Amino acid sequence: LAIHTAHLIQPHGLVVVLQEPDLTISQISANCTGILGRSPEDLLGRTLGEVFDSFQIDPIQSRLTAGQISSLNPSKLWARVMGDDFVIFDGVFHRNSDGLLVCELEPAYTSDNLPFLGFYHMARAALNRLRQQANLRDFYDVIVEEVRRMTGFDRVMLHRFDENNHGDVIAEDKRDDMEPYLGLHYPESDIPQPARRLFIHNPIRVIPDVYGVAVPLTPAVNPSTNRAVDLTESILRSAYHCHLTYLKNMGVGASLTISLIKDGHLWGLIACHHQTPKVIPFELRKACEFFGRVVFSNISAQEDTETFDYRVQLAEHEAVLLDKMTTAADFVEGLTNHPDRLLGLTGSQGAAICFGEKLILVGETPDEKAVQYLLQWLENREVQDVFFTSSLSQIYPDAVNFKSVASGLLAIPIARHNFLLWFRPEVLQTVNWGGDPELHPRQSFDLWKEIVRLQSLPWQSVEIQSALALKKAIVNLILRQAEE
Amino acid sequence: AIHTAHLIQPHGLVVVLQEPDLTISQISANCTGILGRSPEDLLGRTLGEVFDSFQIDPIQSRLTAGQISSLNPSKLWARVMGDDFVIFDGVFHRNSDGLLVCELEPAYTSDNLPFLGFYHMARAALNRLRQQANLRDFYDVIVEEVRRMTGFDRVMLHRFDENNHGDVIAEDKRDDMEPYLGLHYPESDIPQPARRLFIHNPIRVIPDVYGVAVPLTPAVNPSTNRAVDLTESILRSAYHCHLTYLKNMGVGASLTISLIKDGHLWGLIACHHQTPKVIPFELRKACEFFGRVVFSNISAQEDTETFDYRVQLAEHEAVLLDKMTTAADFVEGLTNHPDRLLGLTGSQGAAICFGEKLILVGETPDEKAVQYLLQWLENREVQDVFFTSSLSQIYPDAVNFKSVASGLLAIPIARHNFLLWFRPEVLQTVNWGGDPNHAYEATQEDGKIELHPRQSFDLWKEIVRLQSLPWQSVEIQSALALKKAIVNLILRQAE
Ligand SMILES: *[C@H](C)[C@H]1/C(=C/c2[nH]c(/C=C3N=C(/C=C4\NC(=O)C(CC)=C4C)C(C)=C\3CCC(=O)O)c(CCC(=O)O)c2C)NC(=O)[C@@H]1C
Ligand SMILES: *[C@H](C)[C@H]1/C(=C/c2[nH]c(/C=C3N=C(/C=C4\NC(=O)C(CC)=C4C)C(C)=C\3CCC(=O)O)c(CCC(=O)O)c2C)NC(=O)[C@@H]1C
């Protein structure tokens with residue numbers, strides 16, 4: 001039933017389209033009858049000034065309004081509705097991709113005492129707590145905790161993205177009684193690349209009533225465009241029923257989502273859920289926007305420093321291996337006497353050393369027969385620098401059999417036939433999520449699981465370079481030995 | 001300057017490899033002195049032949065950047081005429097022109113050095129940094145720990161301001177070396193080329209400042225009939241202009257680490273040595289990675305502090321909106337909390353012309369000059385808000401009170417009423433005082449200080465006269481908020 005071509009409006013706010021240069025309402029959201037007590041037929045054709053009874057809005061007239069909008073962007077228009085209640089609205093003007101003038105009106109009130117300053121004071125105090133954390137875990141756990149405190153959502157969670165753009169719920173705070181989603185991985189597909197790239201322009205997604213019935217504009221077709229309006233710019237853009245389904249059968253009544261953007265690419269989300277509907281005012285969205293920026297700034301700081309700590313540990317292995325490789329009469333015998341360090345050098349779980357005729361297996365590797373066949377294959381490939389794959393099963397079909405040990409392989413040709421190999425198993429650390437058994441998280445997880453079949457963790461650049469460093473070091477040692 | 005005569009620092013060799021045969025099309029002229037074999041001898045030979053090092057199996061076409069990047073670095077060694085057995089670090093890039101280049105820095109041993117020491121100190125540096133309260137303390141630690149890790153006679157931290165003029169924000173040096181801390185240099189002292197180059201080439205090493213630069217022979221690459229672009233080289237010699245600067249500064253070796261945010265150069269870690277001091281591939285790569293994470297924490301600290309301004313400005317906004325409506329006169333509310341009023345736009349003075357009356361707060365010009373100024377503002381017919389970093393530039397009379405109101409932010413009120421904030425010229429926020437008091441340097445104005453820090457400071461000084469600190473976005477919006485509030489207090493004071 002529900003069409004995918006739904007650029008409609010979440011029903012709590014109004015969208016109006018202003019004709020130029022006359023500044024009359026060319027189209028309006030259909031909920032205007034309820035919200036303004038006046039029908040679309042009544043309002044169609046009226047200038048904004050005449051609708052808002054205070055004539056609050058003073059749009060200085062122009063043939064075209066350009067960047068004058070930026071001035072009007074924080075506007076608090078109000079008009080009397082019922083018993084002279086004088087309902088107020090936060091107003092925000094955009095130019096749609098079609099090039100029309102659009103104004104969005106979210107009803108506002110200052111009933112929430114300490115509405116914005118409070119949030120701001122808690123936010124700085126969050127940032128002090130955050131910066132004083134040692135562990136990155138503790139660090140993440142604090143983000144969600146303090147966001148949830150600040151915001152008051154029934155659930156707040158931190159989503160990061162895999163190197164395949166998949167998902168990983170890396171932190172979470174929720175009611176004791178709610179189901180935990182921590183560790184749940186989900187497919188990249190669950191948030192399509194449009195919605196992602198759209199977070200760059202629209203950094204916050206608010207759905208304060210999930211069950212709210214989306215309303216169109218009337219007339220639906222802009223007169224000038226003879227084409228529908230593009231709500232890409234709107235906060236009130238209604239979300240696609242696909243996702244609402246997901247939320248509904250997850251038990252969600254209101255969402256908030258803060259994008260975490262690095263250098264223009266989406267790093268992760270702060271995804272907030274409420275079981276009850278729950279509105280978030282302009283004021284507090286603006287503050288959330290700014291908070292998420294700085295929160296992410298500290299995220300990327302922590303993430304960066306930790307990933308430099310990997311480079312130290314890999315240097316550590318590199319050094320211990322360079323030492324003991326030259327100590328023991330056979331260099332190979334040095335490597336195999338410190339296998340912890342050898343596997344550690346590329347963050348692998350197994351390895352093989354074919355030097356001349358001999359061949360040594362270390363850690364978790366395939367049976368020697370299957371390995372030998374593999375080496376054979378690699379010399380046929382005639383790899384010049386290095387071979388590495390996150391999914392070996394795809395390129396060497398026979399490796400489907402030992403997917404569980406070597407789905408991932410990195411191999412470096414020491415010589416024409418002498419090679420060094422590192423093996424990774426398919427992702428088995430997914431135990432983090434229950435795996436509990438029709439489009440709901442448990443399904444998404446099962447789908448993600450299907451995708452990661454035959455597939456190891458990705459070979460990080462630092463790991464590869466640290467293996468190349470060992471290869472070149474070995475070659476040089478052998479040359480010196482001959483020269484010796 | 002423009003001509004960019006592409007020469008080489010003389011300690012290392014640059015070769016240009018023809019493809020697909022990997023023969024040397026061009027070589028640096030120092031090859032005679034360093035390899036004991038002449039350019040005539042070496043030109044045409046494959047690299048493998050010269051350095052007894054595995055010549056890459058002759059590529060199907062050209063060396064893919066995978067093959068090029070896996071090669072980096074490679075240790076090449078050769079015996080040459082006279083028993084000479086010499087080790088080089090080799091490092092391959094392809095030019096913007098596409099041609100392949102290899103640079104050979106003489107090295108001490110054959111086997112790799114993982115810089116474990118450096119890495120252990122770096123790890124420990126980052127723990128120190130994360131535990132720092134003040135941003136100053138924070139910066140001061142960077143330089144200190146870099147200097148420890150690296151062992152330079154001097155390390156300093158340069159941050160660029162909103163026009164890219166330099167500011168030496170931190171520094172660690174030998175006790176009896178001259179301090180450059182607080183020095184501000186004009187953006188010109190690092191030309192926009194060198195800057196835009198740091199985003200692609202993050203590290204600059206000049207281990208011999210006095211070394212005589214050598215060219216390639218032939219100078220003209222046969223494949224381009226064009227001289228060769230060394231932009232991508234480590235061994236690219238720096239322009240004599242800058243070497244002069246270093247020489248007259250007493251430098252024997254320089255290292256520089258770019259600090260890049262969002263693809264724009266934020267600042268430098270500029271390292272100086274009195275003696276020559278080389279930095280190997282290995283240790284550059286470690287430095288490169290260190291500077292990234294160091295900067296990552298810098299931008300984290302910088303960001304959080306600048307959002308602390310947003311909270312404090314919200315705080316002023318709220319207290320001012322409260323007390324403005326409490327006291328019967330809104331003006332009387334503003335003047336009872338002047339700390340908060342100046343604080344709202346991070347200014348040092350303010351003026352309130354409502355109707356007839358006019359109230360000066362903090363540091364402002366004399367009433368006569370202010371009154372003339374208000375007059376001027378009505379003539380401007382300011383629509384939303386007026387703000388300028390240098391008022392003296394557009395209102396000439398303001399040259400007189402430059403030292404109080406070089407910067408002005410004004411919000412007009414109808415009936416000729418106005419709110420003003422004043423900022424002083426930025427000459428007292430920073431007082432490096434490189435010239436001894438009123439040094440009579442002008443006497444004997446032969447530009448003797450040509451290419452000298454002091455000169456740069458005097459140049460920068462000339463640029464920043466008549467000029468306040470820039471009006472930050474947050475500050476303007478906080479003032480607009482007060483404008484809207486005042487308009488809505490005039491409306492509610494209907495009487
Ligand atoms: C439809 C066939 C597919 C689809 C489309 C779709 N998804 C989104 C947006 C989001 N989806 C998620 C996913 C999750 N949120 C959670 O809390 C969890 C459990 C931990 C998951 C898996 C998220 C975070 C978003 C964006 C954030 C938000 O709540 O706004 C959209 C865009 C909707 C819009 O217009 O903003 C679309 C179109 N989702 C599916 O599940 C199908 C595979
Ligand atoms: C020549 C007419 C002008 C000029 C050109 C120029 N400068 C650079 C590079 C740098 N200049 C500096 C400046 C300083 N370094 C310091 O230590 C200090 C004192 C605190 C100053 C003022 C710096 C940091 C650099 C870049 C870092 C480095 O050492 O590499 C270049 C580029 C040289 C190259 O090819 O890499 C050029 C062409 N410099 C002048 O002083 C003239 C105004």
# chains A, B, ... in the order shown; residues from 1 in each chain; ligands from 1
call {"tool": "interface_residues", "arguments": {"of": "chain A", "to": "chain B", "cutoff": "7 Å", "atoms": "only C-alpha atoms", "output": "PyMOL selection string"}}
result
chain A and resi 117+120+124+263+294+297-298+301+304-305+309+312+315-316+318-319+385+473+476-477
call {"tool": "write_last_selection", "arguments": {"atoms": "C-alpha atoms", "output": "PDB file, in the first residue's frame"}}
result
ATOM      1  CA  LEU A 117      20.731  26.613  29.119  1.00  0.00           C
ATOM      2  CA  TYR A 120      24.133  23.465  27.546  1.00  0.00           C
ATOM      3  CA  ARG A 124      29.861  20.994  28.947  1.00  0.00           C
ATOM      4  CA  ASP A 263      35.697  15.050   6.859  1.00  0.00           C
ATOM      5  CA  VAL A 294      32.175  18.430  19.679  1.00  0.00           C
ATOM      6  CA  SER A 297      35.564  15.711  17.745  1.00  0.00           C
ATOM      7  CA  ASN A 298      36.586  13.941  20.976  1.00  0.00           C
ATOM      8  CA  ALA A 301      40.581  12.119  18.963  1.00  0.00           C
ATOM      9  CA  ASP A 304      42.952   8.281  16.481  1.00  0.00           C
ATOM     10  CA  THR A 305      45.167   7.940  19.549  1.00  0.00           C
ATOM     11  CA  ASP A 309      48.633   2.642  19.866  1.00  0.00           C
ATOM     12  CA  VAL A 312      53.209   1.036  18.587  1.00  0.00           C
ATOM     13  CA  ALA A 315      56.338  -1.737  16.097  1.00  0.00           C
ATOM     14  CA  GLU A 316      56.894  -3.764  19.273  1.00  0.00           C
ATOM     15  CA  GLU A 318      58.446  -5.795  14.524  1.00  0.00           C
ATOM     16  CA  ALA A 319      61.342  -5.140  16.931  1.00  0.00           C
ATOM     17  CA  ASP A 385      54.509  -6.880  -3.982  1.00  0.00           C
ATOM     18  CA  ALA A 473      64.165  -7.126   6.663  1.00  0.00           C
ATOM     19  CA  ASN A 476      68.313  -8.018   3.724  1.00  0.00           C
ATOM     20  CA  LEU A 477      69.324 -10.392   6.539  1.00  0.00           C
TER      21      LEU A 477
END
call {"tool": "residues_near_ligand", "arguments": {"ligand": "ligand 1", "cutoff": "7 Å", "atoms": "only C-alpha atoms and all ligand atoms", "output": "PDB file with N, CA and C atoms, in the first residue's frame"}}
result
ATOM      1  N   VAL A 169      26.548  -1.551  16.983  1.00  0.00           N
ATOM      2  CA  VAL A 169      26.086  -0.790  18.130  1.00  0.00           C
ATOM      3  C   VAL A 169      27.171  -0.887  19.198  1.00  0.00           C
ATOM      4  N   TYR A 181      20.414  -3.772  22.538  1.00  0.00           N
ATOM      5  CA  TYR A 181      20.807  -3.846  21.146  1.00  0.00           C
ATOM      6  C   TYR A 181      22.329  -3.758  21.028  1.00  0.00           C
ATOM      7  N   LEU A 184      24.866  -5.702  18.461  1.00  0.00           N
ATOM      8  CA  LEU A 184      24.105  -5.951  17.249  1.00  0.00           C
ATOM      9  C   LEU A 184      24.818  -5.282  16.079  1.00  0.00           C
ATOM     10  N   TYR A 186      24.419  -4.556  12.022  1.00  0.00           N
ATOM     11  CA  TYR A 186      23.375  -4.547  11.021  1.00  0.00           C
ATOM     12  C   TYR A 186      23.958  -4.234   9.650  1.00  0.00           C
ATOM     13  N   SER A 189      22.874  -1.856   4.198  1.00  0.00           N
ATOM     14  CA  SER A 189      21.640  -1.659   3.452  1.00  0.00           C
ATOM     15  C   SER A 189      20.521  -1.064   4.309  1.00  0.00           C
ATOM     16  N   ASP A 190      20.547  -1.309   5.625  1.00  0.00           N
ATOM     17  CA  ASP A 190      19.497  -0.876   6.538  1.00  0.00           C
ATOM     18  C   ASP A 190      19.413   0.644   6.628  1.00  0.00           C
ATOM     19  N   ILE A 191      20.511   1.317   6.272  1.00  0.00           N
ATOM     20  CA  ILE A 191      20.524   2.756   6.083  1.00  0.00           C
ATOM     21  C   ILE A 191      21.092   3.023   4.694  1.00  0.00           C
ATOM     22  N   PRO A 192      20.256   3.121   3.641  1.00  0.00           N
ATOM     23  CA  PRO A 192      20.763   3.268   2.273  1.00  0.00           C
ATOM     24  C   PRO A 192      21.637   4.510   2.073  1.00  0.00           C
ATOM     25  N   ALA A 195      20.281   8.079   2.382  1.00  0.00           N
ATOM     26  CA  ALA A 195      19.959   8.570   3.714  1.00  0.00           C
ATOM     27  C   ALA A 195      21.231   9.010   4.434  1.00  0.00           C
ATOM     28  N   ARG A 205      17.962  13.957  12.443  1.00  0.00           N
ATOM     29  CA  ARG A 205      16.699  13.398  12.002  1.00  0.00           C
ATOM     30  C   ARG A 205      15.788  13.205  13.198  1.00  0.00           C
ATOM     31  N   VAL A 206      14.638  13.883  13.139  1.00  0.00           N
ATOM     32  CA  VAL A 206      13.698  13.824  14.236  1.00  0.00           C
ATOM     33  C   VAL A 206      12.369  13.298  13.705  1.00  0.00           C
ATOM     34  N   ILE A 207      11.882  12.235  14.363  1.00  0.00           N
ATOM     35  CA  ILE A 207      10.571  11.659  14.108  1.00  0.00           C
ATOM     36  C   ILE A 207       9.842  11.580  15.446  1.00  0.00           C
ATOM     37  N   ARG A 237      10.219  16.528   6.827  1.00  0.00           N
ATOM     38  CA  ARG A 237      10.140  15.502   5.803  1.00  0.00           C
ATOM     39  C   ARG A 237       9.772  14.186   6.474  1.00  0.00           C
ATOM     40  N   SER A 238       8.689  13.560   6.000  1.00  0.00           N
ATOM     41  CA  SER A 238       8.241  12.315   6.597  1.00  0.00           C
ATOM     42  C   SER A 238       9.145  11.184   6.130  1.00  0.00           C
ATOM     43  N   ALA A 239       9.426  10.264   7.059  1.00  0.00           N
ATOM     44  CA  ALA A 239      10.337   9.168   6.803  1.00  0.00           C
ATOM     45  C   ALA A 239       9.595   8.054   6.081  1.00  0.00           C
ATOM     46  N   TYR A 240      10.361   7.237   5.349  1.00  0.00           N
ATOM     47  CA  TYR A 240       9.809   6.249   4.433  1.00  0.00           C
ATOM     48  C   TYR A 240       9.259   5.080   5.246  1.00  0.00           C
ATOM     49  N   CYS A 242       9.109   2.042   5.060  1.00  0.00           N
ATOM     50  CA  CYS A 242      10.108   1.015   5.327  1.00  0.00           C
ATOM     51  C   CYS A 242      10.667   1.150   6.744  1.00  0.00           C
ATOM     52  N   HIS A 243      11.198   2.338   7.035  1.00  0.00           N
ATOM     53  CA  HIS A 243      11.943   2.585   8.258  1.00  0.00           C
ATOM     54  C   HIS A 243      10.970   2.697   9.428  1.00  0.00           C
ATOM     55  N   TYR A 246      10.209  -0.616  10.632  1.00  0.00           N
ATOM     56  CA  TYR A 246      11.336  -1.048  11.445  1.00  0.00           C
ATOM     57  C   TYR A 246      11.156  -0.515  12.868  1.00  0.00           C
ATOM     58  N   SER A 255      11.798   8.936  17.417  1.00  0.00           N
ATOM     59  CA  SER A 255      13.227   8.844  17.174  1.00  0.00           C
ATOM     60  C   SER A 255      13.854  10.236  17.251  1.00  0.00           C
ATOM     61  N   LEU A 256      15.130  10.244  17.645  1.00  0.00           N
ATOM     62  CA  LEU A 256      16.060  11.309  17.310  1.00  0.00           C
ATOM     63  C   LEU A 256      17.361  10.667  16.849  1.00  0.00           C
ATOM     64  N   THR A 257      18.029  11.307  15.891  1.00  0.00           N
ATOM     65  CA  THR A 257      19.259  10.761  15.347  1.00  0.00           C
ATOM     66  C   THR A 257      20.226  11.911  15.075  1.00  0.00           C
ATOM     67  N   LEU A 269      26.339   7.223  14.290  1.00  0.00           N
ATOM     68  CA  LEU A 269      25.123   7.889  14.722  1.00  0.00           C
ATOM     69  C   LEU A 269      25.024   7.862  16.234  1.00  0.00           C
ATOM     70  N   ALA A 271      21.713   7.333  17.964  1.00  0.00           N
ATOM     71  CA  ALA A 271      20.338   6.968  17.654  1.00  0.00           C
ATOM     72  C   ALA A 271      19.531   6.874  18.941  1.00  0.00           C
ATOM     73  N   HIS A 273      15.767   6.569  20.865  1.00  0.00           N
ATOM     74  CA  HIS A 273      14.458   5.952  20.747  1.00  0.00           C
ATOM     75  C   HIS A 273      13.652   6.324  21.986  1.00  0.00           C
ATOM     76  N   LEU A 439      11.056  -7.696   9.241  1.00  0.00           N
ATOM     77  CA  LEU A 439      12.226  -6.815   9.223  1.00  0.00           C
ATOM     78  C   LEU A 439      12.383  -6.108  10.573  1.00  0.00           C
ATOM     79  N   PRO A 441      15.547  -5.976  14.118  1.00  0.00           N
ATOM     80  CA  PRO A 441      16.983  -6.092  14.352  1.00  0.00           C
ATOM     81  C   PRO A 441      17.530  -7.507  14.202  1.00  0.00           C
ATOM     82  N   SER A 444      17.974  -8.203  10.745  1.00  0.00           N
ATOM     83  CA  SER A 444      19.071  -7.445  10.174  1.00  0.00           C
ATOM     84  C   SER A 444      20.395  -8.105  10.549  1.00  0.00           C
TER      85      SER A 444
END
call {"tool": "select_by_dssp", "arguments": {"residues": "segment 107-354 of chain A", "states": "helix (DSSP H, G or I)", "output": "PyMOL selection string"}}
result
chain A and resi 117-131+136-151+188-190+193-199+241-248+282-327+331-337+339-344
call {"tool": "closest_residue", "arguments": {"among": "B:354, B:198, B:376, B:440", "to": "ligand 2", "atoms": "only C-alpha atoms and all ligand atoms"}}
result
B:198
call {"tool": "select_by_dssp", "arguments": {"residues": "segment 209-418 of chain B", "states": "strand (DSSP E or B)", "output": "ChimeraX atom specification"}}
result
/B:214,216-217,220-221,226-227,236,253-261,264-273,349-354,357-362,386-388,407-413,417-418
call {"tool": "residues_around", "arguments": {"residues": "residue 23 of chain B", "least_positions_apart": "2", "cutoff": "7 Å", "atoms": "only C-alpha atoms", "output": "list in words"}}
result
residues 17, 18, 21, 25, 44, 45, 46 and 47 of chain B
call {"tool": "residues_around", "arguments": {"residues": "segment 135-150 of chain B", "least_positions_apart": "2", "cutoff": "6 Å", "atoms": "only C-alpha atoms", "output": "VMD selection string"}}
result
chain B and resid 118 129 132 152 155 to 156 170 to 172
call {"tool": "write_last_selection", "arguments": {"atoms": "N, CA, C and O atoms", "output": "PDB file, in the first residue's frame"}}
result
ATOM      1  N   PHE B 118      61.002   5.886  19.989  1.00  0.00           N
ATOM      2  CA  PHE B 118      60.156   6.996  19.587  1.00  0.00           C
ATOM      3  C   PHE B 118      58.697   6.655  19.862  1.00  0.00           C
ATOM      4  O   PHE B 118      57.950   7.457  20.424  1.00  0.00           O
ATOM      5  N   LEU B 129      49.317  14.327  27.306  1.00  0.00           N
ATOM      6  CA  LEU B 129      48.482  15.311  26.638  1.00  0.00           C
ATOM      7  C   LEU B 129      47.023  15.188  27.055  1.00  0.00           C
ATOM      8  O   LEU B 129      46.382  16.191  27.321  1.00  0.00           O
ATOM      9  N   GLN B 132      45.921  16.848  30.395  1.00  0.00           N
ATOM     10  CA  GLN B 132      46.215  18.263  30.575  1.00  0.00           C
ATOM     11  C   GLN B 132      44.911  19.057  30.670  1.00  0.00           C
ATOM     12  O   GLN B 132      43.974  18.790  29.918  1.00  0.00           O
ATOM     13  N   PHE B 152      65.763  17.622  18.785  1.00  0.00           N
ATOM     14  CA  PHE B 152      66.088  18.881  18.155  1.00  0.00           C
ATOM     15  C   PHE B 152      66.520  19.872  19.236  1.00  0.00           C
ATOM     16  O   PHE B 152      66.080  19.810  20.394  1.00  0.00           O
ATOM     17  N   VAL B 155      62.270  22.945  19.143  1.00  0.00           N
ATOM     18  CA  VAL B 155      60.984  22.598  18.566  1.00  0.00           C
ATOM     19  C   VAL B 155      60.017  23.716  18.926  1.00  0.00           C
ATOM     20  O   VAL B 155      60.036  24.206  20.054  1.00  0.00           O
ATOM     21  N   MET B 156      59.166  24.101  17.966  1.00  0.00           N
ATOM     22  CA  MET B 156      58.124  25.079  18.235  1.00  0.00           C
ATOM     23  C   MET B 156      56.848  24.736  17.481  1.00  0.00           C
ATOM     24  O   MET B 156      56.865  24.091  16.433  1.00  0.00           O
ATOM     25  N   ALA B 170      53.788  27.829  21.111  1.00  0.00           N
ATOM     26  CA  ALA B 170      54.548  27.072  22.096  1.00  0.00           C
ATOM     27  C   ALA B 170      55.950  26.815  21.556  1.00  0.00           C
ATOM     28  O   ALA B 170      56.182  26.935  20.350  1.00  0.00           O
ATOM     29  N   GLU B 171      56.870  26.458  22.458  1.00  0.00           N
ATOM     30  CA  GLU B 171      58.286  26.391  22.111  1.00  0.00           C
ATOM     31  C   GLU B 171      59.077  25.701  23.225  1.00  0.00           C
ATOM     32  O   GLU B 171      58.868  25.960  24.413  1.00  0.00           O
ATOM     33  N   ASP B 172      59.994  24.824  22.806  1.00  0.00           N
ATOM     34  CA  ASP B 172      60.976  24.215  23.684  1.00  0.00           C
ATOM     35  C   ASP B 172      62.323  24.320  22.966  1.00  0.00           C
ATOM     36  O   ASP B 172      62.427  24.028  21.767  1.00  0.00           O
TER      37      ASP B 172
END
